[PDB]
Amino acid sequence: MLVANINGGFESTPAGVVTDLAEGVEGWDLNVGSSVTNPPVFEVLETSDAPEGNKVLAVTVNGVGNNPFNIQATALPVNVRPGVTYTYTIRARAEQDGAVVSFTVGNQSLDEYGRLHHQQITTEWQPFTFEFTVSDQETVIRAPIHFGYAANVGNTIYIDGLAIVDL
């Protein structure tokens, strides 16, 4: 496969809680805003249930901030070509009913090219997919996943298998 993103399945990363948010996971930047007073737990988990490889990323939300992007996992770098249309696919599930996640892609200037907005995450693995086009002249973009929805308090959201593919 030819994918734009790096370590889309977390297989590069040792199992355990991630405390180095910026650099602890190859190909990703994790972020927690200061309005989140009970910070989430990001953990790379080795599990027989992983849809891809042996590992998944678990995001335990024990509270939230002011905006859903106050808890986020962003794939970076994402290597693309101007004008090209990509398919984004990822797998996600949650520990408990009722989770909400937005899957987004944008540039380093924070302009958003597209998203899946307030996706309904269930307790079973499901794929979430959309297309976007690089509408400007960027070659290195990013893919922010937003987890800080109030409905996720008391839940863990599991993601795996991010693939951003030409089309």
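Counting begins at 1, following the sequence as shown.
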* Asked: Mean CA B-factor: is it higher for 65-73 or for 33-41?
  -> 33-41
* To do: Pick between 49-57 and 24-32: the one whose mean CA B-factor in the entry is higher.
  => 49-57
* **Deposited CA B-factor, highest of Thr123, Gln137, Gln120, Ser102** => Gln137
* Structure fact -> Of the three thirds of the chain ranked by Cα temperature factor, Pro14 occupies the highest
* Check where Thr85 lands among this chain's C-alpha B-factors and tell me if it's the lowest, middle or highest third. => highest
